[PDB]
$ cat final-v8.txt   # compact mmCIF, N, CA and C atoms
# COMPACT_ATOMS: atom_id res chain seq x y z
N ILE A 1 -3.23 -72.29 99.73
CA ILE A 1 -3.92 -70.99 99.60
C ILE A 1 -4.67 -70.65 100.89
N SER A 2 -5.84 -71.25 101.13
CA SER A 2 -6.81 -70.93 102.18
C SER A 2 -6.22 -71.02 103.60
N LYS A 3 -5.94 -69.85 104.19
CA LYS A 3 -5.40 -69.64 105.55
C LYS A 3 -6.41 -70.11 106.61
N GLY A 4 -6.17 -71.29 107.18
CA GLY A 4 -7.13 -72.01 108.01
C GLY A 4 -7.20 -71.57 109.46
N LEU A 5 -8.03 -70.56 109.73
CA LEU A 5 -8.49 -70.18 111.08
C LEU A 5 -9.00 -71.36 111.92
N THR A 6 -9.51 -72.42 111.27
CA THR A 6 -10.16 -73.57 111.90
C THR A 6 -9.38 -74.89 111.76
N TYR A 7 -8.22 -74.92 111.08
CA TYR A 7 -7.46 -76.16 110.92
C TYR A 7 -6.85 -76.64 112.26
N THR A 8 -6.74 -77.96 112.43
CA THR A 8 -6.10 -78.60 113.58
C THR A 8 -4.59 -78.32 113.61
N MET A 9 -3.97 -78.37 114.79
CA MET A 9 -2.54 -78.07 114.96
C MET A 9 -1.63 -79.11 114.27
N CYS A 10 -0.47 -78.66 113.78
CA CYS A 10 0.59 -79.54 113.27
C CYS A 10 1.38 -80.24 114.40
N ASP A 11 2.03 -81.36 114.08
CA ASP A 11 3.00 -82.08 114.93
C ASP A 11 4.24 -81.21 115.21
N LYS A 12 4.61 -81.06 116.49
CA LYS A 12 5.73 -80.22 116.93
C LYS A 12 7.11 -80.64 116.39
N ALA A 13 7.29 -81.90 115.95
CA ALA A 13 8.60 -82.47 115.62
C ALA A 13 8.83 -82.72 114.12
N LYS A 14 7.80 -82.58 113.27
CA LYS A 14 7.86 -82.92 111.83
C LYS A 14 8.23 -81.74 110.92
N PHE A 15 8.71 -80.63 111.49
CA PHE A 15 9.03 -79.39 110.78
C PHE A 15 10.50 -79.28 110.36
N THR A 16 10.72 -78.47 109.31
CA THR A 16 12.01 -78.04 108.78
C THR A 16 11.92 -76.58 108.33
N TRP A 17 13.00 -75.80 108.48
CA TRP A 17 13.08 -74.41 108.03
C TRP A 17 13.22 -74.33 106.49
N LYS A 18 12.18 -73.87 105.79
CA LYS A 18 12.26 -73.45 104.38
C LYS A 18 12.99 -72.10 104.25
N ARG A 19 12.80 -71.24 105.26
CA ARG A 19 13.44 -69.93 105.48
C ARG A 19 13.51 -69.69 106.99
N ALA A 20 14.72 -69.67 107.56
CA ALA A 20 14.89 -69.31 108.97
C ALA A 20 14.36 -67.88 109.25
N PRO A 21 13.93 -67.57 110.49
CA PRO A 21 13.53 -66.23 110.89
C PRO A 21 14.53 -65.15 110.52
N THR A 22 14.07 -64.17 109.73
CA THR A 22 14.85 -63.02 109.31
C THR A 22 13.99 -61.75 109.23
N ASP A 23 14.64 -60.60 109.05
CA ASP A 23 13.97 -59.31 108.97
C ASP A 23 13.32 -59.11 107.60
N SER A 24 12.12 -58.54 107.58
CA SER A 24 11.38 -58.16 106.37
C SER A 24 11.94 -56.95 105.62
N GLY A 25 12.99 -56.30 106.14
CA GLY A 25 13.42 -54.96 105.73
C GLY A 25 12.63 -53.84 106.43
N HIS A 26 11.64 -54.20 107.26
CA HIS A 26 10.62 -53.31 107.81
C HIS A 26 10.41 -53.52 109.33
N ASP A 27 11.41 -54.09 110.03
CA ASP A 27 11.43 -54.31 111.50
C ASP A 27 10.45 -55.40 111.98
N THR A 28 9.85 -56.11 111.03
CA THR A 28 9.05 -57.32 111.23
C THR A 28 9.87 -58.55 110.82
N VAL A 29 9.45 -59.72 111.29
CA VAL A 29 10.20 -60.98 111.28
C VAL A 29 9.43 -61.98 110.43
N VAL A 30 9.99 -62.29 109.25
CA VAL A 30 9.47 -63.31 108.33
C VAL A 30 10.19 -64.63 108.55
N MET A 31 9.47 -65.74 108.41
CA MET A 31 10.06 -67.08 108.34
C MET A 31 9.19 -68.00 107.49
N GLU A 32 9.72 -69.18 107.17
CA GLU A 32 9.00 -70.15 106.35
C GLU A 32 9.43 -71.58 106.67
N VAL A 33 8.49 -72.53 106.62
CA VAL A 33 8.75 -73.94 106.94
C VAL A 33 8.23 -74.91 105.88
N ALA A 34 8.72 -76.15 105.97
CA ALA A 34 8.26 -77.33 105.26
C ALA A 34 8.10 -78.48 106.27
N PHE A 35 7.09 -79.34 106.06
CA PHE A 35 6.47 -80.12 107.13
C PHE A 35 6.09 -81.54 106.69
N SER A 36 6.50 -82.55 107.47
CA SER A 36 6.32 -83.97 107.15
C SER A 36 5.04 -84.61 107.72
N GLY A 37 4.20 -83.86 108.44
CA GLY A 37 2.92 -84.35 108.97
C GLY A 37 1.72 -84.01 108.08
N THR A 38 0.51 -84.11 108.67
CA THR A 38 -0.81 -83.91 108.04
C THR A 38 -0.92 -82.64 107.20
N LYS A 39 -1.67 -82.73 106.10
CA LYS A 39 -2.10 -81.61 105.26
C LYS A 39 -3.64 -81.60 105.21
N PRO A 40 -4.33 -80.53 105.65
CA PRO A 40 -3.78 -79.29 106.19
C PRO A 40 -3.38 -79.42 107.67
N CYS A 41 -2.67 -78.40 108.19
CA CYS A 41 -2.62 -78.12 109.63
C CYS A 41 -2.27 -76.64 109.91
N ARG A 42 -2.54 -76.18 111.14
CA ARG A 42 -2.12 -74.89 111.71
C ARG A 42 -0.76 -75.02 112.39
N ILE A 43 0.15 -74.12 112.03
CA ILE A 43 1.54 -74.13 112.50
C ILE A 43 1.58 -73.73 113.99
N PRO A 44 2.08 -74.59 114.90
CA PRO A 44 2.30 -74.27 116.32
C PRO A 44 3.51 -73.32 116.46
N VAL A 45 3.33 -72.09 115.99
CA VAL A 45 4.32 -71.01 116.06
C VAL A 45 4.34 -70.37 117.45
N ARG A 46 5.49 -69.82 117.83
CA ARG A 46 5.67 -68.88 118.95
C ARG A 46 7.06 -68.25 118.87
N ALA A 47 7.25 -67.10 119.50
CA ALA A 47 8.54 -66.47 119.73
C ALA A 47 8.70 -66.23 121.23
N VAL A 48 9.68 -66.87 121.87
CA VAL A 48 9.79 -66.87 123.34
C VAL A 48 11.06 -66.13 123.77
N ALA A 49 10.87 -65.03 124.50
CA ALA A 49 11.94 -64.08 124.82
C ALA A 49 12.97 -64.65 125.81
N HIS A 50 14.19 -64.11 125.75
CA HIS A 50 15.34 -64.45 126.60
C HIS A 50 15.00 -64.48 128.10
N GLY A 51 14.79 -65.69 128.64
CA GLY A 51 14.51 -65.94 130.06
C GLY A 51 13.10 -66.48 130.36
N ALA A 52 12.18 -66.49 129.39
CA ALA A 52 10.80 -66.95 129.59
C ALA A 52 10.32 -67.84 128.43
N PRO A 53 10.72 -69.13 128.39
CA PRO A 53 10.44 -70.03 127.26
C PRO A 53 8.95 -70.40 127.10
N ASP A 54 8.13 -70.07 128.10
CA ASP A 54 6.68 -70.26 128.16
C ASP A 54 5.90 -69.18 127.38
N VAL A 55 6.46 -67.97 127.24
CA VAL A 55 5.70 -66.77 126.83
C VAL A 55 5.96 -66.43 125.37
N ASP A 56 4.96 -66.67 124.52
CA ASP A 56 4.95 -66.12 123.16
C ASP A 56 4.83 -64.59 123.17
N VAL A 57 5.80 -63.91 122.55
CA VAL A 57 5.84 -62.46 122.33
C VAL A 57 5.55 -62.06 120.87
N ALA A 58 5.22 -63.02 119.99
CA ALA A 58 4.91 -62.77 118.58
C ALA A 58 3.56 -62.04 118.36
N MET A 59 3.61 -60.81 117.84
CA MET A 59 2.45 -60.16 117.23
C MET A 59 2.43 -60.45 115.72
N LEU A 60 1.59 -61.40 115.28
CA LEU A 60 1.51 -61.81 113.87
C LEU A 60 1.06 -60.66 112.95
N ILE A 61 1.81 -60.44 111.87
CA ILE A 61 1.53 -59.45 110.81
C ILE A 61 0.75 -60.11 109.67
N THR A 62 1.12 -61.35 109.30
CA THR A 62 0.31 -62.20 108.42
C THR A 62 -0.73 -62.98 109.26
N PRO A 63 -1.79 -63.57 108.67
CA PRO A 63 -2.77 -64.36 109.42
C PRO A 63 -2.19 -65.56 110.19
N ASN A 64 -3.03 -66.12 111.06
CA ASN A 64 -2.95 -67.45 111.66
C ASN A 64 -2.35 -68.49 110.67
N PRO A 65 -1.06 -68.87 110.81
CA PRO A 65 -0.33 -69.55 109.75
C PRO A 65 -0.65 -71.05 109.67
N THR A 66 -0.65 -71.56 108.43
CA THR A 66 -1.02 -72.94 108.09
C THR A 66 -0.02 -73.57 107.12
N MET A 67 0.02 -74.90 107.13
CA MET A 67 0.80 -75.74 106.22
C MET A 67 -0.18 -76.62 105.43
N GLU A 68 -0.04 -76.59 104.10
CA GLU A 68 -1.08 -76.94 103.13
C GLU A 68 -0.49 -77.84 102.02
N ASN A 69 -1.34 -78.37 101.14
CA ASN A 69 -0.89 -79.07 99.92
C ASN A 69 -0.88 -78.17 98.67
N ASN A 70 -1.33 -76.91 98.81
CA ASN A 70 -1.48 -75.90 97.76
C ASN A 70 -0.90 -74.55 98.22
N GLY A 71 0.26 -74.58 98.89
CA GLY A 71 0.94 -73.43 99.48
C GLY A 71 1.31 -73.71 100.93
N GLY A 72 1.36 -72.65 101.74
CA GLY A 72 1.51 -72.74 103.19
C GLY A 72 2.97 -72.74 103.67
N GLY A 73 3.12 -72.73 104.99
CA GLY A 73 4.41 -72.71 105.67
C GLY A 73 4.98 -71.31 105.91
N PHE A 74 4.40 -70.24 105.35
CA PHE A 74 4.89 -68.86 105.49
C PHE A 74 4.25 -68.12 106.67
N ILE A 75 5.06 -67.27 107.33
CA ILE A 75 4.72 -66.56 108.56
C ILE A 75 5.42 -65.19 108.55
N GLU A 76 4.73 -64.14 109.03
CA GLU A 76 5.33 -62.87 109.43
C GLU A 76 4.73 -62.40 110.76
N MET A 77 5.60 -61.93 111.66
CA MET A 77 5.27 -61.44 113.01
C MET A 77 6.19 -60.26 113.40
N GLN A 78 5.85 -59.53 114.47
CA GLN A 78 6.71 -58.52 115.09
C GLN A 78 6.91 -58.82 116.58
N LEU A 79 8.09 -58.45 117.07
CA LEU A 79 8.67 -58.90 118.33
C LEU A 79 9.42 -57.74 119.02
N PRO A 80 9.65 -57.82 120.35
CA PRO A 80 10.48 -56.88 121.08
C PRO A 80 11.98 -57.07 120.73
N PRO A 81 12.71 -55.98 120.37
CA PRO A 81 14.16 -55.97 120.21
C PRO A 81 14.91 -56.64 121.37
N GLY A 82 15.79 -57.59 121.02
CA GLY A 82 16.40 -58.52 121.95
C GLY A 82 16.46 -59.95 121.40
N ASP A 83 17.03 -60.85 122.19
CA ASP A 83 17.10 -62.28 121.89
C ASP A 83 15.73 -62.96 122.10
N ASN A 84 15.18 -63.51 121.02
CA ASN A 84 13.91 -64.22 120.99
C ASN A 84 14.10 -65.60 120.34
N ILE A 85 13.69 -66.67 121.02
CA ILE A 85 13.74 -68.04 120.50
C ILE A 85 12.45 -68.32 119.74
N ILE A 86 12.53 -68.35 118.41
CA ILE A 86 11.36 -68.52 117.55
C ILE A 86 11.19 -69.99 117.21
N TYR A 87 10.07 -70.56 117.66
CA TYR A 87 9.70 -71.95 117.47
C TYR A 87 8.65 -72.11 116.37
N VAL A 88 8.76 -73.24 115.67
CA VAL A 88 7.73 -73.83 114.82
C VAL A 88 7.58 -75.28 115.29
N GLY A 89 6.70 -75.49 116.28
CA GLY A 89 6.64 -76.73 117.05
C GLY A 89 7.70 -76.74 118.15
N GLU A 90 8.64 -77.69 118.09
CA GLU A 90 9.86 -77.71 118.90
C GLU A 90 11.12 -77.42 118.07
N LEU A 91 11.01 -77.38 116.73
CA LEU A 91 12.04 -76.80 115.86
C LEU A 91 12.17 -75.31 116.19
N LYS A 92 13.38 -74.85 116.51
CA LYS A 92 13.64 -73.47 116.93
C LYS A 92 14.63 -72.75 116.01
N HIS A 93 14.74 -71.43 116.20
CA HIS A 93 15.84 -70.60 115.75
C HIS A 93 16.10 -69.48 116.78
N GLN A 94 17.32 -68.94 116.79
CA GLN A 94 17.76 -67.87 117.68
C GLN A 94 17.64 -66.52 116.94
N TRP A 95 16.63 -65.70 117.27
CA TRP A 95 16.37 -64.44 116.58
C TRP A 95 16.67 -63.22 117.47
N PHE A 96 17.80 -62.58 117.18
CA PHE A 96 18.19 -61.28 117.72
C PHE A 96 17.43 -60.17 116.98
N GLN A 97 16.26 -59.79 117.52
CA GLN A 97 15.31 -58.85 116.92
C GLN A 97 15.84 -57.42 116.90
N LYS A 98 15.51 -56.68 115.83
CA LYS A 98 15.79 -55.25 115.66
C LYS A 98 14.52 -54.48 115.30
N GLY A 99 14.44 -53.23 115.75
CA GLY A 99 13.27 -52.36 115.76
C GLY A 99 13.34 -51.41 116.95
$ encode --input "final-v8.txt" --output "C-alpha cells"
Amino acid sequence: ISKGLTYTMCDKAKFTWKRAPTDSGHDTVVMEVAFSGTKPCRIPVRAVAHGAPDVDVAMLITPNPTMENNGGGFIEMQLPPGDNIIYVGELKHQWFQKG
C-alpha cells in the first residue's frame, strides 16, 4: 500500500517483469514488477532514450514507485515518442513509445 517516498533503493538484479512496459490506452507507459530482494524498497526505475543510456526520460504519472509485502511493483510514466530502453534496476525492456 504505502508509497515510500523515503524507502531505500532495491537491488538492480533481483527483479522480474510482472507486466512488461505497455501503453495505458492514454499515451502513458504502464509497467509492473516482482522482486526477490528486501521488503520494502524503492524501485530503481528509468527510461533511457535511443543513444543515451545514462539519461532517464521518464516523467512519472504514478508516485515514486516501491516494492512491498502488501502490494507494490506498479509504475506509470510518460516518455518521448521513439525507442526508449525502460529499466527496473538492470532488468530492461525495449519500449517503442507512442504519443
$ residues_near_point --input "final-v8.txt" --point "(-8.2, -75.0, 109.6)" --cutoff "8 Å" --atoms "only C-alpha atoms" --output "PDB file with N, CA and C atoms, in the coordinates of the input"
ATOM      1  N   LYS A   3      -5.940 -69.850 104.190  1.00  0.00           N
ATOM      2  CA  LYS A   3      -5.400 -69.640 105.550  1.00  0.00           C
ATOM      3  C   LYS A   3      -6.410 -70.110 106.610  1.00  0.00           C
ATOM      4  N   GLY A   4      -6.170 -71.290 107.180  1.00  0.00           N
ATOM      5  CA  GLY A   4      -7.130 -72.010 108.010  1.00  0.00           C
ATOM      6  C   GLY A   4      -7.200 -71.570 109.460  1.00  0.00           C
ATOM      7  N   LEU A   5      -8.030 -70.560 109.730  1.00  0.00           N
ATOM      8  CA  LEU A   5      -8.490 -70.180 111.080  1.00  0.00           C
ATOM      9  C   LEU A   5      -9.000 -71.360 111.920  1.00  0.00           C
ATOM     10  N   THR A   6      -9.510 -72.420 111.270  1.00  0.00           N
ATOM     11  CA  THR A   6     -10.160 -73.570 111.900  1.00  0.00           C
ATOM     12  C   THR A   6      -9.380 -74.890 111.760  1.00  0.00           C
ATOM     13  N   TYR A   7      -8.220 -74.920 111.080  1.00  0.00           N
ATOM     14  CA  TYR A   7      -7.460 -76.160 110.920  1.00  0.00           C
ATOM     15  C   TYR A   7      -6.850 -76.640 112.260  1.00  0.00           C
ATOM     16  N   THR A   8      -6.740 -77.960 112.430  1.00  0.00           N
ATOM     17  CA  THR A   8      -6.100 -78.600 113.580  1.00  0.00           C
ATOM     18  C   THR A   8      -4.590 -78.320 113.610  1.00  0.00           C
ATOM     19  N   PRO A  40      -4.330 -80.530 105.650  1.00  0.00           N
ATOM     20  CA  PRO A  40      -3.780 -79.290 106.190  1.00  0.00           C
ATOM     21  C   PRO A  40      -3.380 -79.420 107.670  1.00  0.00           C
ATOM     22  N   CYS A  41      -2.670 -78.400 108.190  1.00  0.00           N
ATOM     23  CA  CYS A  41      -2.620 -78.120 109.630  1.00  0.00           C
ATOM     24  C   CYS A  41      -2.270 -76.640 109.910  1.00  0.00           C
ATOM     25  N   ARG A  42      -2.540 -76.180 111.140  1.00  0.00           N
ATOM     26  CA  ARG A  42      -2.120 -74.890 111.710  1.00  0.00           C
ATOM     27  C   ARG A  42      -0.760 -75.020 112.390  1.00  0.00           C
ATOM     28  N   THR A  66      -0.650 -71.560 108.430  1.00  0.00           N
ATOM     29  CA  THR A  66      -1.020 -72.940 108.090  1.00  0.00           C
ATOM     30  C   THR A  66      -0.020 -73.570 107.120  1.00  0.00           C
TER      31      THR A  66
END
$ closest_residue --input "final-v8.txt" --among "A:94, A:16, A:64, A:78" --to "residue 43 of chain A" --atoms "only C-alpha atoms"
A:64
$ residues_around --input "final-v8.txt" --residues "residue 95 of chain A" --least-positions-apart "2" --cutoff "12 Å" --atoms "only C-alpha atoms" --output "ChimeraX atom specification"
/A:20-23,28-31,46-50,58,78-87,92-93,97-98
$ select_by_dssp --input "final-v8.txt" --residues "chain A" --states "strand (DSSP E)" --output "JSON, numbers by chain"
{"A": [15, 16, 17, 18, 19, 20, 21, 22, 23, 29, 30, 31, 32, 33, 34, 35, 41, 42, 45, 46, 47, 48, 49, 59, 60, 66, 67, 74, 75, 76, 77, 78, 82, 83, 84, 85, 86, 87, 88, 91, 92, 93, 94, 95, 96, 97]}
$ atom_distance --input "final-v8.txt" --atom1 "atom CA of residue 37 of chain A" --atom2 "atom CA of residue 96 of chain A"
29.0 Å
$ atom_distance --input "final-v8.txt" --atom1 "atom N of residue 24 of chain A" --atom2 "atom CA of residue 75 of chain A"
11.0 Å
$ atom_distance --input "final-v8.txt" --atom1 "atom CA of residue 77 of chain A" --atom2 "atom C of residue 61 of chain A"
5.8 Å
$ closest_residue --input "final-v8.txt" --among "A:69, A:52, A:35, A:59" --to "residue 13 of chain A" --atoms "only N, CA and C atoms"
A:35
$ closest_residue --input "final-v8.txt" --among "A:32, A:54, A:67, A:74" --to "residue 10 of chain A" --atoms "only N, CA and C atoms"
A:67
$ build_atoms --input "final-v8.txt" --residues "segment 50-68 of chain A" --atoms "N, CA, C and O atoms" --output "CSV table (one decimal), keeping the file's coordinate frame"
chain,number,residue,atom,x,y,z
A,50,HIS,N,14.2,-64.1,125.8
A,50,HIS,CA,15.3,-64.4,126.6
A,50,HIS,C,15.0,-64.5,128.1
A,50,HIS,O,14.9,-63.4,128.8
A,51,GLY,N,14.8,-65.7,128.6
A,51,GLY,CA,14.5,-65.9,130.1
A,51,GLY,C,13.1,-66.5,130.4
A,51,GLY,O,12.9,-66.9,131.5
A,52,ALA,N,12.2,-66.5,129.4
A,52,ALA,CA,10.8,-67.0,129.6
A,52,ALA,C,10.3,-67.8,128.4
A,52,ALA,O,9.6,-67.4,127.6
A,53,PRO,N,10.7,-69.1,128.4
A,53,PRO,CA,10.4,-70.0,127.3
A,53,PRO,C,9.0,-70.4,127.1
A,53,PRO,O,8.6,-71.0,126.1
A,54,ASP,N,8.1,-70.1,128.1
A,54,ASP,CA,6.7,-70.3,128.2
A,54,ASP,C,5.9,-69.2,127.4
A,54,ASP,O,4.8,-69.4,127.0
A,55,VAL,N,6.5,-68.0,127.2
A,55,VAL,CA,5.7,-66.8,126.8
A,55,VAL,C,6.0,-66.4,125.4
A,55,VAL,O,7.0,-65.9,125.0
A,56,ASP,N,5.0,-66.7,124.5
A,56,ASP,CA,5.0,-66.1,123.2
A,56,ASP,C,4.8,-64.6,123.2
A,56,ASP,O,3.9,-64.0,123.7
A,57,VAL,N,5.8,-63.9,122.6
A,57,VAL,CA,5.8,-62.5,122.3
A,57,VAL,C,5.6,-62.1,120.9
A,57,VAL,O,5.6,-60.9,120.5
A,58,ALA,N,5.2,-63.0,120.0
A,58,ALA,CA,4.9,-62.8,118.6
A,58,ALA,C,3.6,-62.0,118.4
A,58,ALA,O,2.5,-62.6,118.6
A,59,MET,N,3.6,-60.8,117.8
A,59,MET,CA,2.4,-60.2,117.2
A,59,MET,C,2.4,-60.4,115.7
A,59,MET,O,3.2,-59.9,115.0
A,60,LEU,N,1.6,-61.4,115.3
A,60,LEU,CA,1.5,-61.8,113.9
A,60,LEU,C,1.1,-60.7,113.0
A,60,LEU,O,0.1,-60.0,113.2
A,61,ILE,N,1.8,-60.4,111.9
A,61,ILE,CA,1.5,-59.4,110.8
A,61,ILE,C,0.8,-60.1,109.7
A,61,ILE,O,-0.2,-59.5,109.1
A,62,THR,N,1.1,-61.4,109.3
A,62,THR,CA,0.3,-62.2,108.4
A,62,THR,C,-0.7,-63.0,109.3
A,62,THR,O,-0.6,-63.0,110.5
A,63,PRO,N,-1.8,-63.6,108.7
A,63,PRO,CA,-2.8,-64.4,109.4
A,63,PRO,C,-2.2,-65.6,110.2
A,63,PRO,O,-1.1,-66.0,109.9
A,64,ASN,N,-3.0,-66.1,111.1
A,64,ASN,CA,-3.0,-67.4,111.7
A,64,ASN,C,-2.4,-68.5,110.7
A,64,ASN,O,-3.1,-68.9,109.8
A,65,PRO,N,-1.1,-68.9,110.8
A,65,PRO,CA,-0.3,-69.6,109.8
A,65,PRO,C,-0.6,-71.0,109.7
A,65,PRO,O,-0.8,-71.7,110.7
A,66,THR,N,-0.6,-71.6,108.4
A,66,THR,CA,-1.0,-72.9,108.1
A,66,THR,C,0.0,-73.6,107.1
A,66,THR,O,0.7,-72.9,106.4
A,67,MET,N,0.0,-74.9,107.1
A,67,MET,CA,0.8,-75.7,106.2
A,67,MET,C,-0.2,-76.6,105.4
A,67,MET,O,-1.1,-77.2,106.0
A,68,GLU,N,0.0,-76.6,104.1
A,68,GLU,CA,-1.1,-76.9,103.1
A,68,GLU,C,-0.5,-77.8,102.0
A,68,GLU,O,0.7,-78.0,101.9
